[PDB]
>>> print(open('coords-v3.cif').read())   # mmCIF, C-alpha atoms and all ligand atoms
data_start
loop_
_atom_site.label_atom_id
_atom_site.label_comp_id
_atom_site.auth_asym_id
_atom_site.auth_seq_id
_atom_site.Cartn_x
_atom_site.Cartn_y
_atom_site.Cartn_z
CA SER A 1 175.32 -57.67 -131.13
CA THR A 2 171.95 -56.13 -131.94
CA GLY A 3 168.41 -56.08 -130.61
CA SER A 4 165.03 -55.27 -132.13
CA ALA A 5 161.73 -54.89 -130.26
CA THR A 6 158.24 -53.78 -131.26
CA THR A 7 156.73 -50.86 -129.36
CA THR A 8 152.93 -50.61 -129.13
CA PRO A 9 150.60 -47.69 -128.29
CA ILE A 10 148.88 -48.12 -124.92
CA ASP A 11 145.56 -46.87 -126.34
CA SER A 12 143.86 -45.66 -129.52
CA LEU A 13 145.39 -42.16 -129.29
CA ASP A 14 149.10 -43.04 -128.83
CA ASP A 15 149.07 -41.59 -125.32
CA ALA A 16 152.25 -43.63 -124.67
CA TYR A 17 154.11 -46.61 -126.12
CA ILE A 18 155.10 -49.84 -124.32
CA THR A 19 157.88 -52.29 -125.19
CA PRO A 20 158.26 -55.77 -123.65
CA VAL A 21 161.43 -56.25 -121.57
CA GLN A 22 162.70 -59.53 -120.10
CA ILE A 23 164.09 -59.15 -116.56
CA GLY A 24 165.72 -61.83 -114.44
CA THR A 25 166.08 -65.60 -114.54
CA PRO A 26 163.76 -67.15 -115.45
CA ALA A 27 162.57 -64.18 -117.48
CA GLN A 28 159.87 -61.92 -116.08
CA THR A 29 158.41 -59.89 -118.96
CA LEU A 30 157.27 -56.35 -118.13
CA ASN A 31 155.97 -53.71 -120.54
CA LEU A 32 158.09 -50.59 -120.09
CA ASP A 33 157.85 -47.02 -121.40
CA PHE A 34 161.11 -46.34 -123.27
CA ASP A 35 161.97 -42.74 -122.36
CA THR A 36 164.83 -40.90 -124.09
CA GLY A 37 164.21 -38.00 -121.65
CA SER A 38 165.15 -39.79 -118.41
CA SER A 39 167.80 -42.24 -117.28
CA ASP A 40 166.35 -44.68 -114.71
CA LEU A 41 165.11 -48.21 -115.45
CA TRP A 42 162.49 -48.73 -112.74
CA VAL A 43 159.70 -51.27 -112.35
CA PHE A 44 156.59 -52.04 -110.36
CA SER A 45 157.65 -54.83 -108.02
CA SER A 46 156.76 -57.20 -105.21
CA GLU A 47 158.07 -54.38 -102.97
CA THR A 48 155.60 -51.75 -104.22
CA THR A 49 153.03 -50.66 -101.63
CA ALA A 50 150.07 -52.93 -102.29
CA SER A 51 147.50 -50.13 -102.50
CA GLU A 52 149.60 -48.49 -105.23
CA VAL A 53 149.47 -51.51 -107.59
CA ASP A 54 146.34 -51.78 -109.76
CA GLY A 55 146.79 -54.19 -112.67
CA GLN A 56 150.48 -53.72 -113.47
CA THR A 57 152.80 -56.68 -113.92
CA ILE A 58 155.38 -56.76 -111.12
CA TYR A 59 159.02 -57.79 -110.93
CA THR A 60 159.72 -60.14 -108.02
CA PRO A 61 163.50 -60.12 -107.43
CA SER A 62 163.36 -63.04 -104.97
CA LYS A 63 162.20 -65.26 -107.86
CA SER A 64 165.16 -64.30 -110.08
CA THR A 65 168.27 -66.41 -109.54
CA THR A 66 170.45 -63.68 -111.10
CA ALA A 67 169.13 -60.76 -109.00
CA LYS A 68 171.43 -59.20 -106.41
CA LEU A 69 170.53 -56.37 -104.06
CA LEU A 70 172.86 -53.40 -104.59
CA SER A 71 173.95 -52.66 -101.03
CA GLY A 72 172.94 -49.25 -99.71
CA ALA A 73 171.54 -48.03 -103.03
CA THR A 74 168.26 -46.13 -103.30
CA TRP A 75 166.56 -44.08 -106.00
CA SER A 76 163.92 -41.35 -106.16
CA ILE A 77 162.68 -39.61 -109.28
CA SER A 78 160.27 -36.78 -110.05
CA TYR A 79 159.04 -36.24 -113.60
CA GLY A 80 157.82 -33.25 -115.58
CA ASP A 81 154.16 -34.26 -115.26
CA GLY A 82 154.39 -34.18 -111.45
CA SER A 83 154.55 -37.97 -111.08
CA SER A 84 157.18 -39.72 -108.98
CA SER A 85 158.48 -43.05 -107.72
CA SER A 86 161.23 -44.36 -105.45
CA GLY A 87 162.73 -47.52 -104.01
CA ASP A 88 165.80 -49.77 -103.80
CA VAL A 89 168.06 -51.31 -106.46
CA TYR A 90 168.94 -54.77 -107.79
CA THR A 91 171.34 -55.76 -110.50
CA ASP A 92 169.89 -58.37 -112.85
CA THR A 93 169.90 -59.59 -116.44
CA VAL A 94 167.78 -57.47 -118.81
CA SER A 95 166.99 -58.35 -122.43
CA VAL A 96 165.30 -56.17 -125.06
CA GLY A 97 164.44 -57.74 -128.38
CA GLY A 98 167.21 -60.33 -128.13
CA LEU A 99 169.92 -57.97 -126.81
CA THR A 100 171.04 -58.95 -123.29
CA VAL A 101 172.79 -56.89 -120.61
CA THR A 102 174.02 -58.62 -117.47
CA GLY A 103 174.35 -56.61 -114.28
CA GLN A 104 171.83 -53.95 -115.29
CA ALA A 105 170.59 -51.77 -112.45
CA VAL A 106 166.88 -52.53 -112.06
CA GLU A 107 165.29 -49.97 -109.76
CA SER A 108 162.51 -51.66 -107.77
CA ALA A 109 159.70 -49.33 -106.72
CA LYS A 110 158.56 -49.21 -103.11
CA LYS A 111 156.38 -46.16 -103.83
CA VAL A 112 154.74 -44.79 -106.97
CA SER A 113 152.51 -41.74 -107.37
CA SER A 114 148.83 -41.90 -108.29
CA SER A 115 149.27 -41.41 -112.05
CA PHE A 116 151.41 -44.55 -112.24
CA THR A 117 148.94 -46.58 -110.15
CA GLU A 118 146.04 -45.42 -112.33
CA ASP A 119 147.73 -46.54 -115.58
CA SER A 120 147.52 -50.33 -115.65
CA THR A 121 149.33 -50.54 -119.02
CA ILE A 122 152.78 -49.25 -117.97
CA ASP A 123 154.84 -51.55 -115.73
CA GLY A 124 157.77 -49.13 -115.42
CA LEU A 125 160.20 -46.96 -117.35
CA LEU A 126 163.38 -47.69 -119.31
CA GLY A 127 165.40 -44.49 -119.47
CA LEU A 128 167.51 -43.77 -122.56
CA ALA A 129 168.81 -40.26 -121.83
CA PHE A 130 172.41 -39.88 -120.65
CA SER A 131 173.51 -41.70 -117.52
CA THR A 132 174.44 -38.42 -115.81
CA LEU A 133 170.69 -38.06 -115.03
CA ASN A 134 170.38 -41.43 -113.25
CA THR A 135 169.06 -40.94 -109.71
CA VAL A 136 170.60 -43.92 -107.90
CA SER A 137 172.46 -42.90 -104.73
CA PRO A 138 175.12 -43.01 -103.45
CA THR A 139 176.54 -44.59 -106.64
CA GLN A 140 174.95 -43.47 -109.93
CA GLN A 141 174.08 -46.31 -112.33
CA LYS A 142 174.21 -46.68 -116.11
CA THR A 143 171.33 -46.91 -118.58
CA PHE A 144 170.59 -50.07 -120.54
CA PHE A 145 172.02 -48.44 -123.68
CA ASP A 146 175.19 -47.30 -121.93
CA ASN A 147 175.76 -50.83 -120.60
CA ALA A 148 175.09 -52.41 -124.03
CA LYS A 149 176.90 -49.87 -126.20
CA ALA A 150 180.38 -51.40 -126.38
CA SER A 151 178.96 -54.79 -127.43
CA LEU A 152 176.69 -53.40 -130.15
CA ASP A 153 177.65 -53.63 -133.82
CA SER A 154 177.34 -49.80 -133.91
CA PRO A 155 176.86 -47.61 -130.79
CA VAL A 156 173.35 -46.44 -131.75
CA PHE A 157 169.69 -47.07 -131.16
CA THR A 158 166.79 -46.04 -133.38
CA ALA A 159 163.18 -45.09 -132.72
CA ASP A 160 160.55 -45.73 -135.41
CA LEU A 161 157.24 -44.92 -133.72
CA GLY A 162 153.95 -45.56 -135.49
CA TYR A 163 150.91 -43.32 -135.81
CA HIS A 164 148.03 -45.29 -134.27
CA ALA A 165 150.10 -48.43 -134.91
CA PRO A 166 153.06 -50.37 -133.49
CA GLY A 167 156.63 -49.35 -134.27
CA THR A 168 160.18 -50.48 -133.56
CA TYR A 169 163.17 -49.82 -131.30
CA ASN A 170 166.42 -51.16 -132.75
CA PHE A 171 169.77 -51.36 -130.95
CA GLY A 172 173.10 -51.57 -132.74
CA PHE A 173 172.09 -51.17 -136.39
CA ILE A 174 170.23 -48.90 -138.81
CA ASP A 175 167.48 -50.59 -140.85
CA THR A 176 167.89 -48.89 -144.23
CA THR A 177 164.43 -50.09 -145.31
CA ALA A 178 162.71 -48.19 -142.48
CA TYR A 179 163.03 -44.71 -144.01
CA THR A 180 163.03 -42.80 -147.29
CA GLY A 181 165.64 -40.36 -148.55
CA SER A 182 168.73 -39.80 -146.42
CA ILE A 183 169.33 -39.48 -142.68
CA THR A 184 170.38 -35.94 -141.74
CA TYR A 185 172.46 -35.77 -138.57
CA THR A 186 172.53 -32.79 -136.21
CA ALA A 187 174.61 -31.82 -133.20
CA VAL A 188 173.64 -32.83 -129.65
CA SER A 189 174.43 -31.06 -126.39
CA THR A 190 174.64 -33.41 -123.41
CA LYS A 191 175.05 -30.56 -120.91
CA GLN A 192 171.56 -31.10 -119.44
CA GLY A 193 171.69 -34.90 -119.78
CA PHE A 194 169.21 -34.99 -122.69
CA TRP A 195 169.38 -35.65 -126.42
CA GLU A 196 169.23 -31.87 -126.88
CA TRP A 197 169.49 -30.37 -130.36
CA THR A 198 168.54 -27.24 -132.34
CA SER A 199 165.87 -27.38 -135.03
CA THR A 200 166.40 -24.92 -137.89
CA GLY A 201 162.77 -23.73 -138.08
CA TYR A 202 159.21 -24.63 -138.97
CA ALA A 203 156.31 -24.29 -141.39
CA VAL A 204 152.54 -24.56 -140.86
CA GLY A 205 150.63 -26.45 -143.52
CA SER A 206 151.66 -25.37 -147.00
CA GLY A 207 153.10 -22.09 -145.73
CA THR A 208 156.66 -20.97 -146.21
CA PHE A 209 159.41 -22.13 -143.88
CA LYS A 210 160.47 -19.78 -141.07
CA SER A 211 164.19 -20.09 -140.33
CA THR A 212 164.66 -19.82 -136.57
CA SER A 213 166.65 -21.79 -134.01
CA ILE A 214 164.53 -23.95 -131.70
CA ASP A 215 166.52 -25.73 -128.99
CA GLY A 216 164.75 -28.78 -127.59
CA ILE A 217 165.03 -32.44 -126.61
CA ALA A 218 164.20 -35.58 -128.60
CA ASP A 219 161.98 -37.37 -126.09
CA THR A 220 160.19 -40.66 -126.80
CA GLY A 221 158.64 -40.50 -123.32
CA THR A 222 156.76 -37.25 -123.94
CA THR A 223 153.48 -37.67 -125.83
CA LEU A 224 153.10 -34.22 -127.43
CA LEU A 225 155.16 -31.57 -129.22
CA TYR A 226 155.93 -28.64 -126.87
CA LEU A 227 157.26 -25.51 -128.58
CA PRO A 228 157.53 -21.76 -127.89
CA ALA A 229 154.25 -19.90 -127.56
CA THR A 230 154.87 -17.86 -130.73
CA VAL A 231 155.22 -21.03 -132.83
CA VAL A 232 152.22 -22.73 -131.24
CA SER A 233 150.01 -19.65 -131.67
CA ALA A 234 150.94 -19.49 -135.36
CA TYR A 235 149.95 -23.15 -135.80
CA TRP A 236 146.55 -22.97 -134.09
CA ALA A 237 145.67 -19.70 -135.83
CA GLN A 238 145.34 -21.85 -138.98
CA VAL A 239 142.72 -24.12 -137.35
CA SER A 240 139.24 -22.64 -137.52
CA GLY A 241 137.62 -22.62 -134.09
CA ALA A 242 140.78 -23.49 -132.14
CA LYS A 243 141.45 -21.68 -128.86
CA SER A 244 143.73 -21.90 -125.86
CA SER A 245 141.65 -23.03 -122.88
CA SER A 246 143.04 -22.22 -119.44
CA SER A 247 140.61 -24.69 -117.86
CA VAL A 248 141.65 -27.57 -120.12
CA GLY A 249 145.32 -26.58 -119.99
CA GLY A 250 146.11 -25.91 -123.63
CA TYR A 251 144.86 -25.51 -127.17
CA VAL A 252 141.62 -27.30 -128.10
CA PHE A 253 139.79 -27.43 -131.42
CA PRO A 254 136.50 -28.69 -132.91
CA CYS A 255 136.92 -32.46 -133.22
CA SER A 256 135.88 -32.47 -136.91
CA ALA A 257 138.34 -29.70 -137.90
CA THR A 258 140.84 -30.18 -140.71
CA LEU A 259 144.27 -29.97 -139.08
CA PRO A 260 147.18 -28.65 -141.15
CA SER A 261 150.53 -30.39 -141.13
CA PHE A 262 153.49 -29.02 -139.16
CA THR A 263 157.02 -29.10 -140.58
CA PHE A 264 160.23 -28.86 -138.55
CA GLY A 265 163.77 -28.40 -139.81
CA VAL A 266 166.76 -30.68 -139.23
CA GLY A 267 169.62 -28.80 -140.84
CA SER A 268 168.52 -28.26 -144.42
CA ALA A 269 166.16 -31.25 -144.24
CA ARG A 270 162.47 -31.12 -143.34
CA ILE A 271 160.24 -33.49 -141.35
CA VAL A 272 156.51 -33.16 -142.08
CA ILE A 273 154.08 -34.07 -139.29
CA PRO A 274 150.69 -34.89 -140.89
CA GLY A 275 147.76 -32.98 -139.43
CA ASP A 276 146.03 -36.03 -138.03
CA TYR A 277 149.05 -36.79 -135.81
CA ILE A 278 148.09 -33.61 -133.92
CA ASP A 279 144.62 -34.86 -132.86
CA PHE A 280 144.40 -36.25 -129.31
CA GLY A 281 140.64 -36.75 -129.20
CA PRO A 282 137.81 -35.33 -127.09
CA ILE A 283 138.81 -33.31 -124.04
CA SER A 284 136.28 -35.30 -121.99
CA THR A 285 134.10 -38.25 -122.93
CA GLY A 286 131.40 -37.15 -125.37
CA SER A 287 132.74 -33.63 -125.93
CA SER A 288 132.84 -32.03 -129.39
CA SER A 289 136.11 -30.29 -128.42
CA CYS A 290 139.42 -32.11 -128.95
CA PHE A 291 142.88 -31.75 -127.40
CA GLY A 292 145.73 -30.51 -129.58
CA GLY A 293 149.03 -32.33 -129.98
CA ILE A 294 151.13 -29.15 -130.32
CA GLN A 295 151.24 -27.14 -127.09
CA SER A 296 153.22 -24.30 -125.58
CA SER A 297 156.41 -25.15 -123.70
CA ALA A 298 156.03 -22.03 -121.52
CA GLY A 299 156.46 -23.07 -117.91
CA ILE A 300 158.27 -26.28 -118.83
CA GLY A 301 161.62 -24.53 -119.22
CA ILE A 302 162.49 -26.56 -122.32
CA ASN A 303 161.05 -27.38 -125.73
CA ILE A 304 160.22 -31.06 -126.22
CA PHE A 305 160.14 -32.93 -129.53
CA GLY A 306 157.88 -35.67 -128.18
CA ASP A 307 156.08 -38.50 -129.91
CA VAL A 308 153.95 -36.21 -132.11
CA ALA A 309 157.18 -35.09 -133.80
CA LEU A 310 159.26 -38.26 -133.49
CA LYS A 311 156.60 -40.58 -134.94
CA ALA A 312 156.81 -38.63 -138.22
CA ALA A 313 160.49 -39.65 -138.55
CA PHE A 314 163.01 -42.44 -138.34
CA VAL A 315 165.25 -41.21 -135.50
CA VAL A 316 168.85 -42.27 -134.84
CA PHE A 317 170.22 -41.80 -131.32
CA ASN A 318 173.94 -41.98 -132.10
CA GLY A 319 175.98 -42.74 -128.98
CA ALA A 320 179.40 -42.27 -130.56
CA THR A 321 182.12 -40.52 -128.56
CA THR A 322 180.49 -37.25 -129.63
CA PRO A 323 176.76 -38.11 -129.69
CA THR A 324 174.55 -36.90 -132.54
CA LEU A 325 170.91 -37.26 -133.62
CA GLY A 326 169.75 -38.40 -137.06
CA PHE A 327 166.33 -37.80 -138.64
CA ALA A 328 164.87 -39.25 -141.85
CA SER A 329 161.43 -39.08 -143.38
CA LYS A 330 159.60 -42.38 -143.71
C1 LIG B 401 156.97 -40.64 -119.20
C2 LIG B 401 157.02 -39.88 -117.88
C3 LIG B 401 157.27 -40.84 -116.73
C4 LIG B 401 158.07 -38.77 -117.89
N1 LIG B 401 157.80 -37.73 -118.90
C5 LIG B 401 158.77 -37.55 -120.00
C6 LIG B 401 160.23 -37.49 -119.54
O1 LIG B 401 161.08 -37.76 -120.65
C7 LIG B 401 160.62 -36.16 -118.88
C8 LIG B 401 160.79 -35.04 -119.92
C9 LIG B 401 161.01 -33.68 -119.31
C10 LIG B 401 162.28 -33.13 -119.24
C11 LIG B 401 162.48 -31.88 -118.67
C12 LIG B 401 161.41 -31.17 -118.16
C13 LIG B 401 160.14 -31.71 -118.22
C14 LIG B 401 159.94 -32.96 -118.79
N2 LIG B 401 161.85 -36.31 -118.11
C15 LIG B 401 161.89 -36.05 -116.79
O2 LIG B 401 160.98 -35.60 -116.14
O3 LIG B 401 163.11 -36.35 -116.29
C16 LIG B 401 163.29 -36.18 -114.86
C17 LIG B 401 164.50 -37.01 -114.46
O4 LIG B 401 165.05 -36.31 -113.34
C18 LIG B 401 164.93 -34.93 -113.61
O5 LIG B 401 166.08 -34.42 -114.27
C19 LIG B 401 165.77 -34.26 -115.65
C20 LIG B 401 164.31 -33.90 -115.69
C21 LIG B 401 163.73 -34.74 -114.54
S1 LIG B 401 156.89 -36.45 -118.45
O6 LIG B 401 157.77 -35.32 -118.38
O7 LIG B 401 156.18 -36.85 -117.28
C22 LIG B 401 155.73 -36.10 -119.72
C23 LIG B 401 154.92 -37.11 -120.23
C24 LIG B 401 153.98 -36.81 -121.21
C25 LIG B 401 153.85 -35.50 -121.70
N3 LIG B 401 152.92 -35.20 -122.76
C26 LIG B 401 154.67 -34.50 -121.17
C27 LIG B 401 155.61 -34.80 -120.19
NA NA B 402 158.25 -47.86 -142.58
#
>>> encode(input="coords-v3.cif", output="structure tokens")
Amino acid sequence: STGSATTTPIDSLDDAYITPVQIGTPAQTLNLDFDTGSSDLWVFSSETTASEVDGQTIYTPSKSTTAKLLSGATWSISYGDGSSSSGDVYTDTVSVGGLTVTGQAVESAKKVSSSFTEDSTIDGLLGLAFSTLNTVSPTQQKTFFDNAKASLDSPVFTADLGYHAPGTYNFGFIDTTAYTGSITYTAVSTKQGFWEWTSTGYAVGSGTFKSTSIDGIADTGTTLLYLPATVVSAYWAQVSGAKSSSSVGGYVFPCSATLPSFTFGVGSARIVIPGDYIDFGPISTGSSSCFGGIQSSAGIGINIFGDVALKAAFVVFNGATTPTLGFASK
């Protein structure tokens, strides 16, 4: 089997991407944030505290003839941005772009934190990291991809995110028209539960390539590119007027500035992020200062190849017995 679904930016700056997901019988369609850096599929629901719902579409398990409460199971998750959610667990039928999994664990939120409430465009998360990170207790549950994998034509999914435009998540096949050149594959460590890999280095603009190992995670759920402070300082030093602002929480730059590209290495191959992918718009409404899309990972504990990096590539998440990651230009 295969599936193919379009993913759409939530706003004009690509602050996140949402993908429609059919849950239950009859289908209830929710727009979920596909997140290769976490492993829970959770949704706003009829069980979510009423004051914490503000415009999201909810899943109502009592209206799904295929839903079954998973006895004794609860979940509770805390994310890198300080947000959180928690609740109980149903199994139900879940379809993405024509690919159907029966008995998928659907984590129904009883509580969500303020950031989730305040974002009316995201109805929940669909985690695509490794199932070892799933938070369901006392019996850990599998991701949508893990449940689907054996049925897929090939045990892979691909992310093809657009810059200020929709893109595509495919399951079970590689669309050879979606990229140029070849796909270069690179080793993955699953020891932290992430699609963790080692980039071979970077270049800024037209500068020469610096060979240096950068360990980080391929994360569709993170908006920006978070890298070591040395790398980030070298990038912003090439942007006239850019500065790190402790009040804003990162590097900012004059909104009209010409941003250089940023290149990262995948083995001997190179992925070039165009400069305008690095522009996240005014720091506050009406400001002449803009927020940068490459920021220091100091304090995170891990480097994150988020959407700023991934949207410059066609990315293969290869779930073979020994997982690997593939990157192609496009
Ligand atoms: C989309 C959000 C709901 C989650 N985010 C991305 C997500 O992939 C993070 C990415 C992530 C990963 C590690 C450290 C920080 C952030 N994963 C994460 O927090 O996973 C949690 C699952 O349980 C815990 O065990 C693993 C980490 C925890 S996020 O971290 O909040 C985030 C979102 C946007 C940006 N620009 C930066 C970070
Ligand atoms: Na394309």
>>> residues_near_ligand(input="coords-v3.cif", ligand="ligand LIG 401 (chain B)", cutoff="6 Å", atoms="only C-alpha atoms and all ligand atoms", output="ChimeraX atom specification")
/A:35-38,77-81,133,219,221-224,300
>>> residues_around(input="coords-v3.cif", residues="residue A:70", least_positions_apart="6", cutoff="12 Å", atoms="all atoms listed in the file", output="PDB file with C-alpha atoms, in the coordinates of the input")
ATOM      1  CA  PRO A  61     163.500 -60.120-107.430  1.00  0.00           C
ATOM      2  CA  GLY A  87     162.730 -47.520-104.010  1.00  0.00           C
ATOM      3  CA  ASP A  88     165.800 -49.770-103.800  1.00  0.00           C
ATOM      4  CA  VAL A  89     168.060 -51.310-106.460  1.00  0.00           C
ATOM      5  CA  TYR A  90     168.940 -54.770-107.790  1.00  0.00           C
ATOM      6  CA  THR A  91     171.340 -55.760-110.500  1.00  0.00           C
ATOM      7  CA  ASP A  92     169.890 -58.370-112.850  1.00  0.00           C
ATOM      8  CA  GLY A 103     174.350 -56.610-114.280  1.00  0.00           C
ATOM      9  CA  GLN A 104     171.830 -53.950-115.290  1.00  0.00           C
ATOM     10  CA  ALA A 105     170.590 -51.770-112.450  1.00  0.00           C
ATOM     11  CA  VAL A 106     166.880 -52.530-112.060  1.00  0.00           C
ATOM     12  CA  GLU A 107     165.290 -49.970-109.760  1.00  0.00           C
ATOM     13  CA  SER A 108     162.510 -51.660-107.770  1.00  0.00           C
ATOM     14  CA  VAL A 136     170.600 -43.920-107.900  1.00  0.00           C
ATOM     15  CA  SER A 137     172.460 -42.900-104.730  1.00  0.00           C
ATOM     16  CA  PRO A 138     175.120 -43.010-103.450  1.00  0.00           C
ATOM     17  CA  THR A 139     176.540 -44.590-106.640  1.00  0.00           C
ATOM     18  CA  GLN A 140     174.950 -43.470-109.930  1.00  0.00           C
ATOM     19  CA  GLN A 141     174.080 -46.310-112.330  1.00  0.00           C
TER      20      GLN A 141
END
>>> atom_distance(input="coords-v3.cif", atom1="atom CA of residue A:6", atom2="atom CA of residue A:20")
7.9 Å
>>> residues_near_ligand(input="coords-v3.cif", ligand="ligand NA 402 (chain B)", cutoff="8 Å", atoms="only C-alpha atoms and all ligand atoms", output="PyMOL selection string")
chain A and resi 160+177-179+330
>>> residues_around(input="coords-v3.cif", residues="residue A:59", least_positions_apart="2", cutoff="8 Å", atoms="all atoms listed in the file", output="ChimeraX atom specification")
/A:23,28,30,43-46,57,61,108
>>> residues_around(input="coords-v3.cif", residues="residue A:76", least_positions_apart="2", cutoff="7 Å", atoms="only C-alpha atoms", output="PyMOL selection string")
chain A and resi 85-87+135
>>> closest_residue(input="coords-v3.cif", among="A:268, A:12, A:296, A:168", to="residue A:228", atoms="all atoms listed in the file")
A:296
>>> atom_distance(input="coords-v3.cif", atom1="atom CA of residue A:215", atom2="atom CA of residue A:295")
15.5 Å
>>> closest_residue(input="coords-v3.cif", among="A:122, A:27, A:5, A:159", to="residue A:94", atoms="all atoms listed in the file")
A:27
>>> closest_residue(input="coords-v3.cif", among="A:230, A:190, A:117, A:95", to="residue A:323", atoms="only C-alpha atoms")
A:190
>>> closest_residue(input="coords-v3.cif", among="A:244, A:263, A:131, A:100", to="residue A:210", atoms="all atoms listed in the file")
A:263
>>> residues_around(input="coords-v3.cif", residues="residue A:283", least_positions_apart="2", cutoff="12 Å", atoms="all atoms listed in the file", output="number ranges by chain")
A: 245, 247-255, 279-281, 285-293
>>> residues_around(input="coords-v3.cif", residues="residue A:271", least_positions_apart="4", cutoff="9 Å", atoms="all atoms listed in the file", output="PDB file with C-alpha atoms, in the frame of the given file")
ATOM      1  CA  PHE A 262     153.490 -29.020-139.160  1.00  0.00           C
ATOM      2  CA  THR A 263     157.020 -29.100-140.580  1.00  0.00           C
ATOM      3  CA  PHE A 264     160.230 -28.860-138.550  1.00  0.00           C
ATOM      4  CA  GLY A 265     163.770 -28.400-139.810  1.00  0.00           C
ATOM      5  CA  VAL A 266     166.760 -30.680-139.230  1.00  0.00           C
ATOM      6  CA  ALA A 309     157.180 -35.090-133.800  1.00  0.00           C
ATOM      7  CA  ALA A 312     156.810 -38.630-138.220  1.00  0.00           C
ATOM      8  CA  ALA A 313     160.490 -39.650-138.550  1.00  0.00           C
ATOM      9  CA  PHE A 327     166.330 -37.800-138.640  1.00  0.00           C
ATOM     10  CA  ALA A 328     164.870 -39.250-141.850  1.00  0.00           C
ATOM     11  CA  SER A 329     161.430 -39.080-143.380  1.00  0.00           C
TER      12      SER A 329
END
>>> build_atoms(input="coords-v3.cif", residues="stretch 35-46 of chain A", atoms="N, CA, C and O atoms", output="JSON list (two decimals), in the frame of the given file")
[["chain", "number", "residue", "atom", "x", "y", "z"],
["A", 35, "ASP", "N", 162.03, -44.18, -122.60],
["A", 35, "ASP", "CA", 161.97, -42.74, -122.36],
["A", 35, "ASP", "C", 163.35, -42.13, -122.60],
["A", 35, "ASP", "O", 164.22, -42.17, -121.72],
["A", 36, "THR", "N", 163.55, -41.55, -123.79],
["A", 36, "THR", "CA", 164.83, -40.90, -124.09],
["A", 36, "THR", "C", 165.02, -39.58, -123.34],
["A", 36, "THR", "O", 166.06, -38.93, -123.55],
["A", 37, "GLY", "N", 164.08, -39.18, -122.49],
["A", 37, "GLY", "CA", 164.21, -38.00, -121.65],
["A", 37, "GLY", "C", 164.46, -38.26, -120.18],
["A", 37, "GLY", "O", 164.39, -37.32, -119.38],
["A", 38, "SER", "N", 164.73, -39.50, -119.77],
["A", 38, "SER", "CA", 165.15, -39.79, -118.41],
["A", 38, "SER", "C", 166.09, -40.99, -118.45],
["A", 38, "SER", "O", 166.28, -41.61, -119.50],
["A", 39, "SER", "N", 166.67, -41.33, -117.28],
["A", 39, "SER", "CA", 167.80, -42.24, -117.28],
["A", 39, "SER", "C", 167.74, -43.31, -116.19],
["A", 39, "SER", "O", 168.80, -43.85, -115.81],
["A", 40, "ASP", "N", 166.55, -43.64, -115.71],
["A", 40, "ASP", "CA", 166.35, -44.68, -114.71],
["A", 40, "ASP", "C", 165.51, -45.79, -115.34],
["A", 40, "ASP", "O", 164.54, -45.51, -116.06],
["A", 41, "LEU", "N", 165.91, -47.03, -115.10],
["A", 41, "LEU", "CA", 165.11, -48.21, -115.45],
["A", 41, "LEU", "C", 164.47, -48.65, -114.13],
["A", 41, "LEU", "O", 165.15, -49.17, -113.25],
["A", 42, "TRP", "N", 163.18, -48.37, -113.97],
["A", 42, "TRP", "CA", 162.49, -48.73, -112.74],
["A", 42, "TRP", "C", 161.22, -49.49, -113.05],
["A", 42, "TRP", "O", 160.61, -49.32, -114.12],
["A", 43, "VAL", "N", 160.81, -50.36, -112.12],
["A", 43, "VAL", "CA", 159.70, -51.27, -112.35],
["A", 43, "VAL", "C", 158.79, -51.35, -111.13],
["A", 43, "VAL", "O", 159.24, -51.26, -109.98],
["A", 44, "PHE", "N", 157.49, -51.54, -111.38],
["A", 44, "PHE", "CA", 156.59, -52.04, -110.36],
["A", 44, "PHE", "C", 157.12, -53.38, -109.88],
["A", 44, "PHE", "O", 157.68, -54.16, -110.66],
["A", 45, "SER", "N", 156.97, -53.67, -108.58],
["A", 45, "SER", "CA", 157.65, -54.83, -108.02],
["A", 45, "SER", "C", 156.85, -55.42, -106.87],
["A", 45, "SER", "O", 155.86, -54.85, -106.41],
["A", 46, "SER", "N", 157.31, -56.58, -106.40],
["A", 46, "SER", "CA", 156.76, -57.20, -105.21],
["A", 46, "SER", "C", 156.96, -56.32, -103.98],
["A", 46, "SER", "O", 156.33, -56.57, -102.95]]
